[PDB]
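A.B. asks: okay, here's the opening piece of the assembly, coordinates as they are in the complex:
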Amino acid sequence: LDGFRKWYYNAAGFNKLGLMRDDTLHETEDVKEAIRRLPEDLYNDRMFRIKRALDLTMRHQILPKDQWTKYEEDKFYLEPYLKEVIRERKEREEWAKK
Amino acid sequence: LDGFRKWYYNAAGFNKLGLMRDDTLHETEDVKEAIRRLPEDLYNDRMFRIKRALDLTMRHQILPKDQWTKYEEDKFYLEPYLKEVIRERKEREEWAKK
Amino acid sequence: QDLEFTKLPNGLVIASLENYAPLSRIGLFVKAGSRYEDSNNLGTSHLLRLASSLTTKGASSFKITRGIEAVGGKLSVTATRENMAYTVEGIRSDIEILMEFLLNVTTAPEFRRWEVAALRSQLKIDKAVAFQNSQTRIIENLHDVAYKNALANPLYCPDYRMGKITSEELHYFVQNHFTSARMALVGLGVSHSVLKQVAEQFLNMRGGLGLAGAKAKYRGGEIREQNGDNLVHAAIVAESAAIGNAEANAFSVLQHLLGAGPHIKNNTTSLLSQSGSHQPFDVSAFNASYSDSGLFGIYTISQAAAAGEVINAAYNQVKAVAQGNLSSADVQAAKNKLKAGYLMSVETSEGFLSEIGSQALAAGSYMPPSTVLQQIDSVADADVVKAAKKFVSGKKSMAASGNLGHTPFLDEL
Amino acid sequence: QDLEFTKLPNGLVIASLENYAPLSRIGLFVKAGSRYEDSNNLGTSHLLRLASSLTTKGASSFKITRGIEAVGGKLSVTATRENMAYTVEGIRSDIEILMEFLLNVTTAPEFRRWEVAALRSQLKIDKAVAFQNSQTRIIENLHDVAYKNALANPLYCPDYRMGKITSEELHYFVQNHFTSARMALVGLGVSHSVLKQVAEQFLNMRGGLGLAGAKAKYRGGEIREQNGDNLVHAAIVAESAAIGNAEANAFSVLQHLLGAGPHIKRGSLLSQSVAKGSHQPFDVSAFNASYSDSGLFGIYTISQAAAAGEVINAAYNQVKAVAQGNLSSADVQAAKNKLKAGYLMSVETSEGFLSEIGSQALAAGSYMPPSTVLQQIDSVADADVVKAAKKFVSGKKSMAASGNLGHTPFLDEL
């Protein structure tokens, strides 16, 4: 399962643009709240990575293979911050339900 | 000529609706400038006068005769200022031709 | 019955009174005022005071707000330069979760950075609302010119420090001043046992004595700020006794002799107020005593023009009291005014809870209202005179604001 | 052509020098600084300084601005706490209309209310630009804590007074301080005669002595501004000599002995006394500001907040050594050479020469040839310097501090 997940990570292809996994999340309301709660350095790296991926998609290029994002290396930075947004979101929802 | 004037005055009617000559000057660029320069009191007064007129027109009604303006009472509040706006305006213009 | 005060072995004071009130109040008192900051973390206590509804380790923000409003209870934070007090009140059937919320807020905050970044604008708004009146600004200026290090720190955050207070400063302040030896948990309308039992779930984390605060040093100085207000709010104070010293009382009797604000909704209500008078002006005596130092002086509001001699007249009246020119009936009336003010201050429930709280942190003991009455009586005429001479001689500190073209200086005063 | 200083009967002090220069310069000097206001019209001189391009009785704002820029000339206003100076400069063939514009601005303003209402936002912008650096705020704070009434008034308008300064206050200030007995018209590159003709068509109508200002009173004190800057700025001064005494020359020799700016790029008894104990970056100098009734002399320090204390102490200790006679005659001779070279390089430029003549005019009504001064500075002698020092080390001090002041000492500790 670990090797097949690495193969699927190579087949997804966002590592060839230098992106992380959390860069590829669709910005819903909860995702934008989690992005707003990021520290300044992580937010700046995320915006630069997104801008570089957009430039590479503009020129129809990819990064060199040494510059790709290694599956093992990818960091799920937004995840911790996101869970909270969802948790808080649900708590609020439940309160209203009841 | 006063007879003529006073007569025309009553004929114009701006008096009936409690409005001095100045109150009835179209707001061209220059007039607008002078209006701004107006000391606040005259401005606020001007406004009530105009607002009042509007209300009366709404009801297709005129003020009680007594309240009507008087050819003599009518003061030109903006005239002194307007001239300046025009003077300054012209000066800038001639200088343009220089 | 009466209050009960067990001192726990980690230093926490527990005080309880069960009077079977329908609404019961529970407060927690910490020696963590603005005097414990230095020049590197100014305004941290203001953000800590405004950060009482932030997601705590135990409870998320939503709950800490929706749960207090669900039972209709109230959570408030009152802060002096020495002490902070977090108070909750509500129906007896909901004070268990009210103590859960309050003790979570006191003991286990999280101080998330996005929450404090949202709170700094509220800090600016709260400071503007607080400085909408001239007294607050002139008392903050008076403390800033009167003291050097400790009590000179403002209750409200400075303008440059907004945007600069971090989560680490709040965490450091809480970890260095919210320890069990500086805390008293006081409950009116609750059983002592539960307070003891709610003192174990929390208030057990930090058992230290906290990072003690520097000794406050007097500096003197007069600051005048032209602000335009037709009224020259001027406060002239000097160093006075600490809370504990016997001299303290003497200074309280001295302000009630000189005038402590009007008692009617406005004349001949003060030696000061009496001292000629043909204009609209307010004159009172100011006294603020903290556990190491005190400020006593005069406070004047007047028309800018007369601002001078009115201040002089008020000053001259105190000099008369410094020369022994007083009557025993006046001192007896001052004592009656002071003791009636104390009894009406403790007649309300939140004032009673604050008093017990303060006494706890200050002396660890409860002083029955009765005891005080006889101690105030202890103050005698000469004692009052003495405190006066202290003010009349000690270096003065002057905070002035308004159109100060005719406001005198300290070397002229 | 030595300045033909001449005092017209009214009081105007006309002075001129036909240097046959390509670009001339004509200035007019009025004793109407910020010291002549009181608590009711604070900041009026700032709006008067910024209101030089307003509509006058004789030329509109458009005509003044487009006519000065049409010939490429320059109109500027420089203001101290005592004096205001309106200066125009341009080609000799256009200085007739330049004097028309300048004398209209000085003598016959209109001060229309919509123009000053538009100018108050520029007043706020100018104050923010001026207080962008720490030295300006700390000197304004130092004057405010040092004096009681006259010289304590700020050069820049207070925040509450913006939106409150009216046309009537400007008219009252002009009518009470812009009179002929307080004015000198100084022209480099012009004939003296023309100055006089323009001095009769203008500058002769307002001829009272005007409104006399109050005597400045010293108070002492210390005002501190905790604002979290990287560097602590601190000025500690005391009362000193006024304009018109030899003790002012002694105090000028004393600041050039203690240190009055680097002669070399990137780099003084003070500087030596600080640098022998502190390896942090610093900047210690001597401050002297003397006005016609009173003067301030002291030390100015910029340092890291942490060392701010002992550095200040070290600087103070150095002055105490000078108060104990611990000085050498070669050091005083070098200080005199530095002071006289600074004076000659200050008057070597045309606008500095015009300002100097102007100041001398208003101050003493006479022109003092650069040479004369040189021998008077020489008059100052070693003991004299020591004397001024003891005045500083004894007189009550006034302290303005700003920065992270957790380790900045107080006056009773200093």
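C.D. replies: Yep, that arrived. Numbers count the residues shown, from 1 in each chain, chains lettered A, B, ... in the order given.
A.B. asks: switch to C-alpha atoms for all contacts and neighbour counts from now on
C.D. replies: OK.
A.B. asks: which residues does residue C:401 form beta bridges with?
C.D. replies: residue C:225, residue C:233 (DSSP bridges).
A.B. asks: so how far is chain A from residue C:84?
C.D. replies: Distance, residue C:84 to chain A, by Cα to the nearest Cα, to the nearest Å: 30 Å.
A.B. asks: ditto for residue C:349
C.D. replies: 33 Å.
A.B. asks: counting neighbours, what do you get for that residue?
C.D. replies: Neighbour count of residue C:349, defined by other Cα atoms under 10 Å in any protein chain shown: 16.
A.B. asks: what's the answer for the one 5 residues further on, then?
C.D. replies: Applying other Cα under 10 Å, we find 21 other residues in the vicinity of residue C:354.
A.B. asks: flag every residue of chain C that's near chain A.
C.D. replies: C:60, C:62, C:113-114 (Cα under 8 Å from any Cα of the partner chain).
A.B. asks: farthest-separated two in these?
C.D. replies: Spatial extent of those (Cα to Cα) is set by the pair C:62 and C:113 at 16.8 Å.
A.B. asks: show me what residue of chain A gets nearest to chain D.
C.D. replies: Among all residues of chain A, residue A:40 sits closest to chain D, at 22.0 Å; criterion: Cα to the nearest Cα.
A.B. asks: need the residue closest to the centroid of chain C.
C.D. replies: residue C:80 (3.8 Å; Cα atoms, centre = their mean).
A.B. asks: quick check: it touching residue C:155?
C.D. replies: Yes. The criterion here is Cα atoms under 8 Å, and residue C:80 meets it with residue C:155 at 7.3 Å.
A.B. asks: what do those two both touch?
C.D. replies: residue C:34 (Cα atoms under 8 Å, 6 or more residues apart in numbering or on different chains).
A.B. asks: ok, now which ones touch the residue nearest to the centre of chain C?
C.D. replies: Taking Cα under 8 Å, 6+ apart, one finds C:33-34, C:155 in contact with residue C:80.
A.B. asks: quick one: buried ones out of those?
C.D. replies: Burial by neighbour count, judged by 16 or more other Cα atoms under 10 Å in any protein chain shown, picks out C:33-34, C:155 from the contacts of residue C:80.
A.B. asks: quick check, nearest of these to residue C:88?
C.D. replies: Once Cα to Cα is applied, the member of those that ends up nearest residue C:88 is residue C:33, at 19.1 Å.
A.B. asks: ok, back up a step: ok, of the buried ones among the contacts of residue C:80, which one's closest to residue B:15?
C.D. replies: residue C:155 (62.1 Å).
A.B. asks: now do the helices in chain A.
C.D. replies: A:2-12, A:29-36, A:40-58, A:78-97 (DSSP state H).
A.B. asks: I meant the stretch 101-250 of chain C, not that one.
C.D. replies: Using DSSP state H, counting those that start in this stretch, the helices of the stretch 101-250 of chain C run over C:113-130, C:134-146, C:167-177, C:192-201, C:246-258.
A.B. asks: then add chain E to what we have above:
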Amino acid sequence: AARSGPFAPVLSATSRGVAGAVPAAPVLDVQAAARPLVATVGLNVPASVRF
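C.D. replies: Next up, chain E placed on what we already have:
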């Protein structure tokens, strides 16, 4: 002048008149005296000044 040394532009101000930039240099719903300040704030109750 002579006195200016290196503090001239500080004791003097010069408007340009005619010949870093300014860095972009609220309203809240609106006596007695001398009772030491004790600011209070609450979760529900609005904050207040006890001057």
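A.B. asks: with chain E now part of the structure, what is the answer for the contacts of residue C:80?
C.D. replies: Contacts of residue C:80 (Cα under 8 Å, 6+ apart): C:33-34, C:155, E:37-39.
A.B. asks: what residues does the residue in chain E that chain D sits nearest to make contact with?
C.D. replies: Using Cα to the nearest Cα, residue E:14 is the residue of chain E that sits closest to chain D, at 4.1 Å. Neighbour list for residue E:14: D:76-79 [criterion: Cα under 8 Å, 6+ apart].
A.B. asks: switch the cut-off to 10 Å
C.D. replies: Counting by Cα atoms under 10 Å, 6 or more residues apart in numbering or on different chains, residue E:14 makes contact with D:49-50, D:76-80, D:84-86, D:130.
A.B. asks: grab the nearest non-local neighbour of whichever residue of chain A sits closest to chain E.
C.D. replies: Relative to chain E, the nearest point of chain A is residue A:92 (18.2 Å; Cα to the nearest Cα). Leaving aside its sequence neighbours, residue A:92 sits nearest to residue C:62 (Cα to Cα, 6 or more residues apart in numbering or on different chains; 7.1 Å).
A.B. asks: count residues in the vicinity of residue A:92, would you?
C.D. replies: 14.
A.B. asks: coming back round to it: surely the residue of chain A closest to chain E and residue C:65 touch.
C.D. replies: No. With contact defined as Cα atoms under 10 Å, residue A:92 does not reach residue C:65; the gap is 11.5 Å.
A.B. asks: tell me the contacts of the residue nearest to residue A:92?
C.D. replies: If you count contacts by Cα under 10 Å, 6+ apart, residue C:62 has them with A:88-89, A:91-92, A:95, C:53-55, C:68.
A.B. asks: and what of residue C:198?
C.D. replies: Per Cα under 10 Å, 6+ apart, neighbours of residue C:198: C:96, C:99-100, C:103, C:185, C:192.
A.B. asks: write the PyMOL selection for whichever of those are buried.
C.D. replies: Here is the PyMOL command that selects the buried residues among the contacts of residue C:198 (16+ other Cα under 10 Å):
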select buried, chain C and resi 99+100+103+185+192
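A.B. asks: ok, the contacts of residue C:198 vs residue E:31, which is closest?
C.D. replies: residue C:185 (35.6 Å).
A.B. asks: how about the contacts made by residue C:187?
C.D. replies: Residue C:187 neighbours (Cα under 10 Å, 6+ apart): C:3-4, C:14-18, C:24-28, C:87-89, C:194-195, C:353, C:356-357.
A.B. asks: 8 Å instead?
C.D. replies: Contacts of residue C:187 (Cα under 8 Å, 6+ apart): C:15-17, C:24-27, C:195, C:353.
A.B. asks: please apply the same query to residue C:252.
C.D. replies: Contacts of residue C:252 by Cα under 8 Å, 6+ apart are C:287, C:338.
A.B. asks: then the one 10 residues further on?
C.D. replies: Residues in contact with residue C:262 (Cα under 8 Å, 6+ apart) are C:269, E:32.
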